[PDB]
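Chemist: just need the structure, nothing else, for what follows:
(chains A and B)
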2 protein chains.
Amino acid sequence: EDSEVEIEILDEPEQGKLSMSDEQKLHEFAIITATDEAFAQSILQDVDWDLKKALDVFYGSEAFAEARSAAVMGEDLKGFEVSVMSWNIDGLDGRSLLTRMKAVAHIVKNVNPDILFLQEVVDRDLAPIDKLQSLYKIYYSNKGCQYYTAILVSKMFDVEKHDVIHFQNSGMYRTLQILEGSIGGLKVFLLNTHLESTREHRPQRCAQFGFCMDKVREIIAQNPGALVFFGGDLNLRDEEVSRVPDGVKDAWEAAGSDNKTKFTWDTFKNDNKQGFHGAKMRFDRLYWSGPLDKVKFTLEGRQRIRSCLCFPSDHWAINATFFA
Amino acid sequence: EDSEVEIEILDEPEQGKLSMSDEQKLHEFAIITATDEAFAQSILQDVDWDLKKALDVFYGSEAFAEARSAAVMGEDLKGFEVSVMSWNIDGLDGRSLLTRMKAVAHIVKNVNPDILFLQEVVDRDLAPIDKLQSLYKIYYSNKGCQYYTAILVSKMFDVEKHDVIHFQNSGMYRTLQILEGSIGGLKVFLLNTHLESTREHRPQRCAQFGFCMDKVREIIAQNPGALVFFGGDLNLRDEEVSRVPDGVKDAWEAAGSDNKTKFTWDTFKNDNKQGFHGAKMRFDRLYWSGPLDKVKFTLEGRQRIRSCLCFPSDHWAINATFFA
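Modeler: Residues are numbered from 1 along each chain as shown, chains lettered A, B, ... in the order given. Let me share the structure:
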């Protein structure tokens, strides 16, 4: 009654056709979609061989956008490398703070990363870290606080935005520090954080982690082709790690999960802190997304300082190099 | 052996706990996630009551980003309206072309839309349409062609980009015309198209439609908060309409699916073209996404021109007004 009425074609067969076999489906799908039978064969064998929903999938499903683009319409990064370093420098440890901070600056200069994430930075004896400003642009998350985080980037790195999100469920002043910029024509996002500490704060830490991954997921959706780096001292236990978004990988895992570079906080090997029993964790991690698919991963800051016989920090630094 | 070793807490109960009932799950989920039992109750009743995957869902699932944001962290458009008009003006009909084009410009001036999509524009007798440049910024898809599409926007509309994608599976010069801009602080995307004509070209038309919806989906993902308008002469039969992306709606349907405004090409009522039997279709449609949720929908150009006794076009124009 209020249904559409189709245009008559005078020399067209005057009956619409009307079950079938599997090869009939192959052919039918091919004729209807104007695609070949080999492509038909791909779709229909991921469902019972239901022609009706095979059509809906070809036209409507998000998985087949490439196929639709091919049906309708029919890199510069080789030789490019970028290194990211992350280090909880334990500024809250007053013992040999100045000497340790000098060692930190020395180690940073030797490793020479393009991008450096720092956690537990304090105002006291910050001078040698501030000296890095000759080589880096320095962004402090929350200056005026007992302790905070920093992002240092090479002078070639153009910065557009610096945002700091304060976790409201944190009793430890923890934040998400976000730096948006670019290296040449390539857009880059940096997300540095120090998640809630200690096993008992698992609820806070796990909520924070998932929130951070939500932010990463938003950045990726809004910036195709961009490089995204998220990490820092995440204080994670392996079983705490929730689902990471599509296209995001753990740098240490993508480098081959080397046992020799696994633990970043290790009291068996680092005696800056001492318990009755040794403990060890992969607290410091780095995640990335973007048009670089290969990665090398090493630990740094593992040499005992000779003047005072301690390590720069109770953490090892992680150093990841991404390339294509 | 290469497993992590947890920090000892001297005054902590020295045994990890270890099946349970439904209220135990409620409590457990509440303690673990540091959320209440009422919120726990929501998740667990969308799965068997599997605590393990209830946790994974809370932390990892994309559906619960708002919940995570609330756990970690804890409009201007009222009074704003925008009208979009779309009209296949049938420039390929030489009969009374100049008079009909004058009527088109007259009708456009009376309706006074902010945004106008035109299809089947030809160079011949284009003068009255070009006269609209005093009121509109005019963008032609493919000038130099037998026929093409246009987008006209109010002078207040700032334009950043004009792109035209030529459908390679089209034997009728069909394109996707994309205008990116803004009205005030509000970003706006316009997608105008004339999909492959005739029932027989269903394969081409349906592929084009899904491709266009892919583009809409990309724009939405990359531009949260933006207004997106996609439509034109889509030549669609109801059964041809594939899945539209999330947050996208048909303007005529959202206006209440009025039978009095359904058909846009109706030979029972429009005699610019004559068959032995009447035909009628909702060929012209408008889809939108963005921060406006209400819509009014009317048909325009339904008056017979008095000097030559024909309608401006064999199509009715569609006119949608979006507001909050």
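
Chemist: what residues does the stretch 201-324 of chain A put near chain B?
Modeler: Residues of the stretch 201-324 of chain A found near chain B (CB under 8 Å from any CB of the partner chain) are A:202-204, A:206-211, A:213-214, A:217, A:221-224, A:237-238, A:242-243, A:259, A:262-263, A:268, A:275-282. Heads up, the C-betas are built off the backbone N, CA and C, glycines and all.

Chemist: restrict these to the buried ones and give me that as a ChimeraX selection.
Modeler: Buried residues among these (16 or more other CB atoms under 10 Å in any protein chain shown), as a ChimeraX selection:
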select /A:202,203,204,206,207,208,209,210,211,213,214,217,223,237,242,262,263,279,280,281,282
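
Chemist: among the residues of the stretch 201-324 of chain A next to chain B, which are located in strands?
Modeler: When DSSP state E is applied, those are split such that A:280-281 fall in strands.

Chemist: among the residues of the stretch 201-324 of chain A next to chain B, which lie within helices?
Modeler: A:202-204, A:206-211, A:213-214, A:217, A:221-222 (DSSP state H).

Chemist: quick one: the helices in the stretch 51-200 of chain A?
Modeler: For the stretch 51-200 of chain A, the helices defined by DSSP state H, counting those that start in this stretch cover A:51-60, A:65-72, A:97-111, A:127-130.

Chemist: which residues are in contact with the second one?
Modeler: Think helix A:65-72. The set of residues external to helix A:65-72 that reach it, using CB atoms under 8 Å, 6 or more residues apart in numbering or on different chains, is A:33-35, A:39, A:58-59, B:167-169, B:207-208, B:210-211, B:214.

Chemist: in a helix, residue A:40, correct?
Modeler: Yes. Applying DSSP: H, G, I helix; E, B strand; the rest coil, one finds residue A:40 inside a helix.

Chemist: point me to the residue of the stretch 201-324 of chain A nearest chain B.
Modeler: Among the residues of the stretch 201-324 of chain A, residue A:243 lies closest to chain B, at 3.1 Å counting by CB to the nearest CB.

Chemist: measure the residue lying closest to that residue once chain neighbours are set aside to residue A:234 for me?
Modeler: Of all residues not flanking residue A:243 in the chain, residue B:60 sits nearest, at 3.1 Å (CB to CB, 6 or more residues apart in numbering or on different chains). From residue B:60 over to residue A:234 the distance is 15 Å, taken as CB to CB, to the nearest Å.

Chemist: in contact with the nearest residue to residue A:210 once chain neighbours are set aside, which residues?
Modeler: Spatially, and ignoring its direct neighbours in sequence, residue A:210 is nearest to residue B:59 (4.3 Å; CB to CB, 6+ apart). Residue B:59 makes contacts with A:206-207, A:209-210, A:242-243, B:68, as judged by CB under 8 Å, 6+ apart.

Chemist: so which strand or helix has residue A:30?
Modeler: Here residue A:30, judged by DSSP states H and E, is contained in helix A:22-33.

Chemist: revised request: answer the last question for residue A:12.
Modeler: Per DSSP H and E: residue A:12 is located in neither a helix nor a strand.

Chemist: what residues are up against it?
Modeler: By CB under 8 Å, 6+ apart, residue A:12 has no neighbours at all.

Chemist: ok, back up a step: who has more neighbours out of residue B:60 and residue A:234?
Modeler: For residue B:60 versus residue A:234, neighbours defined as other CB atoms under 10 Å in any protein chain shown are more numerous around residue A:234 (26 against 18).

Chemist: do you know how far the more buried one is from residue A:84?
Modeler: Where residue A:84 is concerned, residue A:234 sits at a distance of 14 Å (CB to CB).

Chemist: ok, now residue A:217?
Modeler: Residue A:217 is 20 Å from residue A:84, by CB to CB.

Chemist: check residue A:308 too.
Modeler: For residue A:308, the distance to residue A:84 equals 29 Å [CB to CB].

Chemist: hang on, the earlier thing: residues in contact with the residue of the stretch 201-324 of chain A closest to chain B?
Modeler: A:213, B:56, B:59-61 are the contacts of residue A:243 under CB under 8 Å, 6+ apart.

Chemist: dihedrals phi and psi, it?
Modeler: phi -60, psi 130 (degrees, to the nearest 10).

Chemist: quick check: closest non-adjacent residue to residue A:258.
Modeler: residue A:297 (7.1 Å).

Chemist: would you confirm that the one you found contacts residue A:260?
Modeler: No. Residue A:297 is beyond contact range of residue A:260, at 10.2 Å (criterion: CB atoms under 8 Å).

Chemist: more neighbours, those two?
Modeler: Neighbour comparison, residue A:297 and residue A:260: the larger count goes to residue A:297, with 21 against 8 (by other CB under 10 Å).

Chemist: where's that one, which helix or strand?
Modeler: Counting by DSSP H and E, the element that carries residue A:297 is strand A:294-300.

Chemist: direction included, what does that strand pair against?
Modeler: Using DSSP bridges, the strands paired with strand A:294-300 in its sheet are strand A:317-323 (antiparallel).

Chemist: mind listing what's buried in the partner strand?
Modeler: Quick answer for strand A:317-323 (16+ other CB under 10 Å): A:317-322.

Chemist: what angle separates that strand from helix A:97-111?
Modeler: In terms of direction (axes from the mean of the first three to the mean of the last three CA atoms, to 10 degrees), strand A:317-323 departs from helix A:97-111 by 20 degrees.

Chemist: what does strand A:317-323 rub up against?
Modeler: A:80-87, A:107, A:111, A:113, A:227, A:231, A:251-252, A:255, A:264, A:284-286, A:288, A:292, A:294-301.

Chemist: what does stretch A:38-53 give?
Modeler: Stretch A:38-53 has contacts (CB under 8 Å, 6+ apart) with A:20, A:22, A:25-30, A:33, A:54, A:57-58, A:64, A:67.
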